[PDB]
């Protein structure tokens, strides 16, 4: 509660002082972990905002390219949506050891299975081909973008856990060690005093005996 | 092999990505995508979104912003990392910026 | 002595000590964790332990109702508090692996009237309301709990 | 005395003390971060220091093999363990920032039997076994380690 | 004493402590924000508190002009710095409603010469520039200062 | 050298006059014969123990932690018989050497000494276990008179500047080393790596010396610069540009 409740002793002083040094060292090392996570978090934040901005422009261009494909082809969306079987793009999970914390990152995997070739409506193949490329690039950006968000909220959780532990060391564990140590120091001086009293009285009693002998 | 990307969006958005080479059928003939039409209700969108969250094969989910507002409670309720959800501007709805889940997840960003 | 006159008192005494000790064992770590890693079975212990602490262990000796606490009242209201613990702990233990887990927030909102009634058990004034009314009152709280649990689980 | 008779002990003694003290400092952080981030050299120091703590500085004095370990044997044992350390440290630092990066995991898998032999040196059993053989046996361990690292690099 | 001889000293030292204390109180907000999500009125406090810390509370005794600061100079310097503070707070607050507002960046860029003149006040050597001249220069600074703010409204 | 040896098995009262005889000689040599005397008093903790024995012989009631209540004035009586005097060219310095019981600087022996001395050298244990000799830790040490000891006309112009920069670089190197243990080698930037290079070479070249290598003040400073030239000029924030332009190159 308020004290570790170790009986006052010189041994307790040594243990408590070593315990305090350990707690202070842990506090400083965890504070550095938090600072490293906070810098990385903010960096991820800078890239994610700029990436989010870029995503806007890239998706706009892809959406426009679709308009051109539709202009030429007419209604290709019906065939594309219905005639779906296997993917050409797949995402493999990878681990990135950014710091003590390990974060999940996505990695783009070009599986290789061929996409559908469609020249059925007005044979608008070139516009569909440019459209494939524009969205293909869009997906690659988005994959990167998820590795931002998927590696980001995990940093916010890691920071909250680290800071909570650091705060407890600072607000709970060390104050408690310092109160215990100060308690020990005071009680040991109290024991020193009662020894002083008895020794002083012993010296006076010896003096009285000596006077009686004269 | 590892993970697929699920897409929930309007006709043009889904069509674009499918041409992008992303999206496929599962072994149970289920599709990892939904086309959201004007006649599609909230329960159907949410049921699809959740089922992707409960599927171990998906992971990144791509949605339109306007949809994110339609079923917004389902985007904040689940906090993990599999379901990395990216919100993209629809053909006509304008550039996203506000009400981004991640932008909220950090309150220190302009 | 207790077996001769009461019987129910001793297992209630044991369960009460286990709840209070378990809460202390948790409080040591909760101060550091922030109630983030607690299981639903542990949150029940923590809040029932509060119920015991605030309503059972403390009493205002300068009131007409807490100036004297006849033994039959102490064991009576303790039985209800422990009965709640066992029923609330069962409610989550039988549902945690199902398709809907009865978390503390669900039982807390569903049975808020029971938690208030349990806290009111101190305000019985044994001089004005004698043993017969107090025992009948506590029996009603037990029935109210059982009926609310049947509607919950 | 040591320089007259052995010539090897003084520098082995210095390196052994460096390893044990470095281990204590690395232990302080490992207990905190769980080895999430360590330099490859630091990983070797921790693992060789465990080899030393368990298979050099620890002995059962009621066994025929460790009732008394003659100094020539003590030096033999330490010479091999440090020789391993230097070769393991050289290999990972020499191949660092290149293509065929060598790590501890690669060394342990490549020459796992070398660590077993090093951990077995306490069992050569002096007096029952001869001085000439024990020296020859430790010489063989050194030759095997040198060939094991040569083939790894 | 202060009322009889200087009159304005007492409210000035009160405001000075408030500005300096607020700079400390804002320290946590600045550390976690970087002066981005920060009120323009707080930016005035931070930068003016710096001015106070730099060109008032700091004193360089190895310079012939700063060996001794007469009281009338100490209150002169503080009066003009706080008078600036008050004008800067009003410039932002009275225009902060909508459409066309004043910010600290606008004030600092707009009247950079005035902020410099405030810092320059410590160089008024009492040995060569008499009481009337230094007070006159400080009075002119106040007028130049208030007029610079006037152009912003 | 004038050497006084009071052995552990010698009379304990003789241990009390031993430093008084050494200082009496130092005062004669220094102040009457116009020369500079360095006085080294080794194991003042053993002196303090002999003083406690004398107190018991007088049947005095022990003071704080068993030591005499006059331990303060007794240590001052020894220590303060040193320094320069007006009108004479002699001087006495002292380097008392004290063992800290239980390695606690709070103990009355180092506490009462430090309270009446000017700074401390401070020998550590970690540096010793790492087989560094001498094992002297520069971070917790202090010499309050260094400001007057060094500088043009006494050692070299750049002495004060080299010391301050080396202290900052060592403190930072230790701080970066602590960070490395948390974030790893790949998470460090170029400046951090330079501080780690300094830290390793500082201890190997500057602190590690050996018992038979005598490094004069000018060679020590030159070694300092060799370590400081690890960093580009702009990182040496505590050295004025005039000093850098004179000493930094070459």
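The chains carry the letters A, B, C, D, E and F, assigned in the order they are written, with residues numbered from 1 in each.
The working rule: a contact is a pair of C-beta atoms (placed from the backbone, for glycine too) under 8 Å apart; a residue touches a chain by one contact, two chains touch by 3 or more.
S.K.: Go through the assembly and pull out the chains touching chain B as well as chain D.
M.R.: A
S.K.: In terms of C-beta pairs in contact, which of B-E and A-D ranks higher?
M.R.: Most C-beta pairs in contact, of the two: A-D.
S.K.: Fit chain D onto chain E over the CA trace and report the rotation angle, somewhere between 0 and 180 degrees, nearest 5.
M.R.: 125
S.K.: List the centre-to-centre spacing of chain C and chain F in whole Å, with centres computed as mean CA coordinates.
M.R.: Chain centres of chain C and chain F, defined by C-alpha means, are spaced 67 Å apart.
S.K.: Using mean CA coordinates as chain centres, what's the chain A-chain B distance in Å?
M.R.: 26
S.K.: If you average the Cα atoms of chain C and of chain E to get two centres, how far apart are those centres in Å?
M.R.: Chain C and chain E have C-alpha centres separated by 64 Å.
S.K.: Starting from the mean Cα coordinates of chain B and chain C, work out the distance between those two points in Å.
M.R.: Here the centre of chain C sits 46 Å away from the centre of chain B.
S.K.: In chain B, what residues contact two or more other chains?
M.R.: 108, 110, in rising order.
S.K.: Where does chain F touch two or more other chains at once, residue-wise?
M.R.: 181-184, 187
S.K.: Using the touch rule from the top of the page, what pairs of chains touch, sorted by label?
M.R.: Chain pairs that touch: A-B, A-C, A-D, A-F, B-E, D-F.
S.K.: Can you check the complex and tell me which residues of chain A touch chain D?
M.R.: 25-26, 29-30, 33, 97, 99-102
S.K.: What residues on chain F touch chain D, complex-wise?
M.R.: Chain F reaches chain D through residues 126, 129-131, 180-185, 187.
S.K.: Which residues, counting only chain A, touch chain C once they are in their complex?
M.R.: Interface residues on the chain A side: 164-165, 168, 172.
S.K.: So in the complex, which bits of chain B are touching chain E?
M.R.: Against chain E, chain B makes touches at 108, 110.
S.K.: Considering only the defined contacts, which chain A positions touch chain B in the complex?
M.R.: 41-42, 45, 48-49, 52, 55-56, 59-60, 62-63, 66, 76-77, 80-81, 84-93, 104, 106, 109, 111, 115, 128, 131-132, 135-136, 138-139, 142-143, 145-147, 149-150, 152-154, 156
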